[PDB]
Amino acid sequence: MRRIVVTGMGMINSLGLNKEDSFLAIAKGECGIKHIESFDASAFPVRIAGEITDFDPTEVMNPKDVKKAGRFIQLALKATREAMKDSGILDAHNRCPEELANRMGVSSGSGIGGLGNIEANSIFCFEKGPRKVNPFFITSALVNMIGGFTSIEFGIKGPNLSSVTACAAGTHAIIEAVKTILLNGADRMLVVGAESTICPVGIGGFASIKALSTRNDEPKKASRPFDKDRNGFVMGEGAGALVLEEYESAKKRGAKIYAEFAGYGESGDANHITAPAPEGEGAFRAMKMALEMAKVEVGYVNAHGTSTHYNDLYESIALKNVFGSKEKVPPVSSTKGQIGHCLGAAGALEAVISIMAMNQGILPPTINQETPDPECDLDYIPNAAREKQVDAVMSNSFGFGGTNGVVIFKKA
């Protein structure tokens, strides 16, 4: 079986423009949730989000192409430039070498893509007619245009795949790239999950299905996975990126390896379109097959932990069942307190966070742990990071539609 390793990583989110700054803030328990500025949310029932306030898209595209990409793609370009530079693959012109381009692809994930662009163009058309629809609307909004823009940026011509399984899209983007390399469809794959849906129809839409915290008075206290007073997730934006590479290719070129892919699991609840299944039965199966694939001792779990009542409860039950007992569950934390629930980007962001935690021996905390919930009784690494060396990490993603994805990376 072909071995697969991680040779480059990057991310951007509401706590940092690169993975070093972002992980530091996350491990220190900071919080990037703020009052919404990107639109006028003053009359909305939810008025907070994990907005990135310091992102300049002209650093990653010329000001003429900025209008051709939705914000989620701009964030993807930032995170993937960071990861591709980190991998050392890029040549003197910051492109994949031409003789290697056909064997490196891209796997991109997003839950909704260019929501704000669809919104704005919907209103243009409604009010002023179809000739007011921007010529660049379609390219800016389609989810796979992450792969379109990034493949052109780096000159990578291998399989160009996209995942759109809602809150699990970023994890499925990793898994689909893994399958592709395992089956010899590529020797390297750029993986990126990216989401930016902080717009009226995005916030309004998740608020009307009652999925969002309405704790508007203290934004930094609103996202509190597994806490007794959790009352909904907080939308965040961001992108995470990883370079996956076949093992011999990485070692022969002397690339520094951050982790080795060890296992994955995929499942569907087939229960409810928005509520997770009682006992986390689908999450249990995805967790179980990843663990049986990897055959390693997981020392840290980055939970899905979106800070909703049912998700955090059912995930906690599934973790206890899959590991066999409360005491056998490794330390767990959700980092969605710090950077919010970034939807399709969550899995890619949290794979990066998990691998950095392993690399640094620092397990980031779940923040806002103020009232213990008797039904969520695991070790959630409350409020302060834990210094602990681990040899493998697990990352969970349990998304709308009952679609579940789990990945395990191990020390290399």
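Numbering starts at 1 and runs along the sequence shown.
- Stretch comparison (147 to 155 versus 277 to 285) by mean CA B-factor in the PDB entry places 277 to 285 on top.
- As the entry records it, the average C-alpha temperature factor is higher for 124 to 132, out of 192 to 200 and 124 to 132.
- Set against one another, the Cα B-factors of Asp187, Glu176, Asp229, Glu237 in the record reach their highest point at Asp229.
- When the Cα B-factors of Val296, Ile257, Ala222, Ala207 are read from the PDB record, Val296 comes out highest.
- Per the deposited record, the Cα B-factor of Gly113 falls in the lowest third when ranked against the other modelled residues of its chain.
- For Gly399, the recorded CA B-factor ranks within the highest third of the chain. Only modelled residues enter the ranking.
- The PDB entry assigns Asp217 a C-alpha temperature factor belonging to the highest third of its chain's modelled residues.
- Ranked against the other modelled residues of its chain, the C-alpha B-factor of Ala412 as given in the entry falls in the highest third.
- Among the modelled residues of its chain, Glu327 has a C-alpha B-factor that falls in the highest third according to the deposited record.
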